[PDB]
């Protein structure tokens, strides 16, 4: 009964801290906060999501967090629960995702904090102090997860071993104002500069005019794009690196060039990543000078050249490839869309196809870039994005969430489609499966051979709408009404990829 009083206080404070979604798995033991959780679900203060696979649950929670930017909880209930959530916790660490893991008695350094509540004790004499202690600890967990004081969001472990009021007007027990992390850096823009924008990059208005190689998940500061294929054809004297870029081969080459100084600008304190020649680190630039017009003209000309080369070789290729599918999805997007990209080929293919990400919410598990949970991540991101839209009060249909994943990723996370009728289901999620039987050392011997999985039969097993579509129909079909969740499968060829990429190189 006191463990009941404690749980209701914790759940109430989590709700006050912005937690709207909680993920739960059936377990050997009663869940932490379980009766308090479904009571909050019954009263509409949160919504529970139940999954059987604990690894699935973590990636669902990741999607629920990245879809609208809120902290999300997962509650553990079994002897396999810690181990099964490992992968999502690693992703949440590297991608700085506010994932709160609830336990009721091992994650080591992956979490921002590991905090255990005191057991609930029968003592009406000090209900005031227990209530303050519990809500203060909950705000501690929330702050560590959201990076409210550290500007370094990430997963937190919150153990509760197994109703007094919170603050007035639904306020959090301990309020933490917006924190401003400032580290200004002098940069002279007259030196030939390229901006490399990676995962987690901030927005820099004073850099908007510079040639920018932006990863799909990086927000764009301006409108002077530089295609990644143009970069090896250029000789920048200076590089401004935003966030953590990892995608492109020519970026890794350039960032490792001791001849070229790199200025790393991050939104948080975590150390510049992949360049050993970082000259300095900061959060923003204090600029002098301006780029040479000849430098801008040369970069803009190289961008158009690289863009034309990819677009023309795609158009002239006789077979639909995964790159054609990525280009088709990119062309079909429009402001308001949420795009969820598999961390392998989709994110790279969309970058090579030259996606204009302005107006688009692009999500990809670029933290550790596994294919695990991509389906559940897309489902979670759709649910969280649609929930934010409904909260707006707009009468419109929910915004589209479009996921692009390969067949290997889809088949290995297909169990993420198993959602009970008792559970929330997206209203406007379309998963585009680029099916070529492949990926992208003896382990590669499986890639040389098709898995030959019947994707349509797989979707029918889960009673998810599936349609086999040609790449030219993808755009129109993405506008067509259908089930709240549906899979659009596009057959793609893998045998002509070397021919296609050789044609691109021959056109450059």
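Positions refer to the first chain, counted from 1.
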Problem set entry | Interresidue gap class [residue 162, residue 163; deposited sequence, unmodelled] | 10 or more
For this session: Look at the stretch from residue 105 to residue 106 and count the residues of the deposited sequence that the entry does not model, then pick none, 1 to 3, 4 to 9, or 10 or more.
Result: 10 or more
Exercise. For the C-alpha atoms alone, is the average B factor greater in 442-450 or in 461-469, going by the entry?
Worked result: 442-450
For this session: Would you mind comparing 343-351 and 146-154 for me and telling me which has the higher average C-alpha temperature factor in the entry?
Result: 343-351
Problem set entry | Which of 407, 125, 91, 413 ranks first by CA B-factor in the deposited coordinates | 125
Problem set entry | Options 193, 303, 434, 437 - largest CA temperature factor per the record | 437
Seminar exercise, completed: residue 46: CA temperature factor from the record, placed by chain third, in the middle
For this session: Could you say whether, by C-alpha temperature factor, residue 500 belongs to the lowest, middle or highest third of its chain?
Result: highest
Exercise. Among the chain's modelled residues, which third holds the C-alpha B-factor of residue 175?
Worked result: lowest
For this session: Select lowest, middle or highest to describe the third in which the CA B-factor of residue 356 falls within its chain in this entry.
Result: highest
For this session: Tell me, lowest, middle or highest third: where does the Cα B factor of residue 113 rank within its chain?
Result: middle
